[PDB]
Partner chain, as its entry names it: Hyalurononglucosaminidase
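A single chain comes next, written as structure tokens; it is the form deposited without the partner chain.
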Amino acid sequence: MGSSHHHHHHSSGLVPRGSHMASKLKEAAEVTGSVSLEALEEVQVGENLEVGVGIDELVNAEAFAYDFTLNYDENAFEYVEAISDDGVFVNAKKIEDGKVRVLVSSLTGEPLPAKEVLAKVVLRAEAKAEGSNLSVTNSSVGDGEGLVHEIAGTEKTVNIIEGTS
């Protein structure tokens, strides 16, 4: 007839903004979600930088895979390859100029340690760009259950210093 209760796969868009005041999900388990920006913030043309954007705060979610998307400048900088620590695995994939995706995952056995280097994206300084403001938004996290708690974000900048003269 039509015996159901669970939901296999039923996702929708609903882009349009505008919402009312109504609570459907009892209780509250929303995470703060925050990115950890740690780097020297200074490179020199012909060199590479390593800005490990990890977690600054994540309460109410078990981030197993944190894939972020940094936004740099192709005219000045040049994406190369993402890195990780001596336990977590990282892999970036150039999707656009001055902007590429990164795939992070803890291949250590334990959840994301957070508050440390979760993933660093190296942008080849093949051309100076003093003050080339960069940022990592849409930073998501793979909870232990399966849902992804879109975490906050943070901005950064790096000064490319000319080599010779």
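Residue numbers count along the first chain shown, from 1.
In what follows, reference is made to the form solved in complex with the partner chain, a form of this protein that is not presented.
Student: Mind checking whether each of 93, 101 and 107 has a heavy atom within 4.5 Å of the partner chain in the bound PDB entry?
Tutor: Yes, the whole trio is in contact, each within 4.5 Å by some heavy atom.
Student: Contact between residue 145 and the partner chain in the bound PDB entry at 4.5 Å, heavy atoms?
Tutor: Yes, contact at 4.5 Å.
Student: Determine whether any heavy atom of residue 137 comes within 4.5 Å of a heavy atom of the partner chain in the bound PDB entry, and answer yes or no.
Tutor: No, residue 137 stays farther than 4.5 Å from the partner chain in the bound PDB entry.
Student: At 4.5 Å between heavy atoms, is residue 151 in contact with the partner chain in the bound PDB entry?
Tutor: No, residue 151 sits far enough from the partner chain in the bound PDB entry that none of its heavy atoms falls within 4.5 Å.
Student: With heavy atoms only and a cut-off of 4.5 Å, decide whether residue 45 touches the partner chain in the bound PDB entry.
Tutor: Contact check for residue 45: no, nothing within 4.5 Å of the partner chain in the bound PDB entry.
Student: Which residue, 65, 122, 31, 37, is the contact with the partner chain in the bound PDB entry, using a 4.5 Å heavy atom cutoff?
Tutor: The residue in contact is 65.
Student: Thinking of the partner chain in the bound PDB entry, which stretch from 45-53, 66-74, 113-121, 126-134 has heavy atoms inside 4.5 Å of it?
Tutor: After filtering at 4.5 Å, what remains is 66-74.
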